[PDB]
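Given next are the chains, with one letter for each unit.
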Amino acid sequence: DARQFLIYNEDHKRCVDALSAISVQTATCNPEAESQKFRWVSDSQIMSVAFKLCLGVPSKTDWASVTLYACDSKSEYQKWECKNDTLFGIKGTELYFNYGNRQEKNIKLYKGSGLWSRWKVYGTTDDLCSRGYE
C-alpha cells in the first residue's frame, strides 16, 4: 500500500509511532510496524493506520500535544499542510509538527522551524504531501 507511509525526521533518524489515542511518540523506524504507518484521508488529514484515528491537537497553541482524534473533515484541529523544504505544520498557522525539545516524548506543536519541525516520507527525500492529494 504505497498510500501508507512512515513519517521520518532526518536529524533524529526516527519515525513517528502511534502508541494510543492520547500518545504519539517516535521510534526507530520499522516499515513493518503498523503503529508507525500513516495515510492521508483528505487534502488536510493524516490518519494512523493502526488506530483509524487522525492526527490532531486540542488547540492551535505552542507546545500542544499532537495525538489522535476521531477523523472529522469539519474539525480545524486536525488539518495539516506542507510548508517549505519539508517543514510540516497546522494548516493556516505557523505552528509546526515537532520532536526533540525538552526531553518530551510526544510530538508537539512548536513555533520553531528548524530541523526538528522537518519531516519526510520515510525512504524518500520528499515531504509528507508527496503521499497526499491536490
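Residues numbered from 1 in each chain as written, not as in the entry; some residues may be left out. Heavy atoms only, no water.

As summarised from the PDB record, the model derives from X-ray crystallography at a stated resolution of 1.7 Å.

> I'm lost on the environment of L68 in this one. Help?
In this structure, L68 sits in strand β7 (residues 67-69). Look at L68 and you get buried, because its relative accessible area is 5%. Measuring from C-alpha to C-alpha, the distance between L68 and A50 comes to 11 Å, with 18 residues separating the pair along the chain. Once residues lying within four places of it in the same chain are set aside, the contact partners of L68 are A18, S20, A21, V24, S48, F51, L53, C54 and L55. (Helix = DSSP H or I, 4+ residues; strand = E, 2+ residues; numbered from the N terminus. Buried < 20%, exposed > 50% of the residue type's maximum accessible area, 1.4 Å probe, protein only. Contact = heavy atoms within 4.5 Å.)

> What is the right way to read the UniProt feature "disulfide bond" in the protein from this model?
Between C15 and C29, for which a disulfide is recorded in UniProt, an S-S distance of 2.0 Å is seen, short enough (under 2.5 Å) for the bond to be assigned. Within this pair, whereas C15 is found in strand β2 (residues 14-20), its partner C29 is found in the loop between β3 (23-27) and β4 (38-40), the two being separated by 14 residues in sequence. You'll find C15 and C29 in the same group, each marked buried. Structure remark: disulfide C54/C71 (UniProt) confirmed, S-S 2.0 Å. Pair noted here: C54 is in strand β6 (residues 54-56) and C71 is in the loop between β7 and β8 (80-82), with a separation of 17 residues, a long-range link. (Disulfide = S-S within 2.5 Å. UniProt positions renumbered as here; feature names shortened; annotations may be inferred.)

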